[PDB]
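In the form deposited in one PDB entry, a lone chain appears below as structure tokens.
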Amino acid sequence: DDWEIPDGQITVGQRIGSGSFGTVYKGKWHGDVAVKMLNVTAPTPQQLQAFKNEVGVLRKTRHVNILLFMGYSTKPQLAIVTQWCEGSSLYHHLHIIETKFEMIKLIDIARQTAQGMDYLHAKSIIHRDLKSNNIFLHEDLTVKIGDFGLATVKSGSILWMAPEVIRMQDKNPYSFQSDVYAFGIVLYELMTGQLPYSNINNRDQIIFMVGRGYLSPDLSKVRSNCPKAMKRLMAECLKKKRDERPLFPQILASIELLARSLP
């Protein structure tokens, strides 16, 4: 298959954010789309190789809970195109507008997010930048997992980084478990309506402490009706040492099981 999208086809619109390799806009191409895109046609083989790699990953993802890849432009500017999510990111809902989701919808947002990752990890893909920001909500109902900028087979966003990633020896601290840890921090975002470590106000300290294992999210901050199995599961994903964290299959199952025992 060739998903290259010929020149002239796209009508690019309003700015949205600065994604890993460039700038996102709303655009049009057989309907509303998103277009992540590098503004310069000065594209060094560092930029032009990242792009080639993101596309290579996006083109292996066909799942309800992964953001639908649709195609790529080379000319005029480098561009990647995806489905447009009516509803914005999970970050926006939880922290910007403070949407008070029902506890069942929370558990489902978790369920679904886990499903996407599980699918991703079976396809042998490490997302490497999971976070509410990159989790998008479709008609406020369905979860779509986003920015594949960093992502691979075989960045000033710290709060979702496992300690070994904050630490650094290997060029390869990333694993399915380092993804599990970021997922851990999403469960917390969802169960607390809050980013972790708000008592601390100094970012560099957060970095140092997490990596050492002095800081770790305050689970007492969960909502009352948060099930104690969900409370116990956050703990599994947030376990300081990578080897004690469960992979997504067992996480799904646990969220599934706990969804069943539910008022």
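Note that residue numbering begins at 1 and tracks the sequence as displayed.
Although it is not shown, the form deposited with a partner chain bound is what the next lines describe.
Contact annotation: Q49 falls outside 4.5 Å of its partner chain in the entry with it bound, judged by heavy atom distances.
A residue is said to contact a partner when one of its heavy atoms sits within 4.5 Å of a partner heavy atom; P227 fails this definition for its partner chain in the entry with it bound, lying far away. By the criterion of a heavy atom within 4.5 Å, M103 is excluded from the residues contacting its partner chain in the entry with it bound.
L195 belongs to the set of residues with a heavy atom inside 4.5 Å of its partner chain in the entry with it bound.
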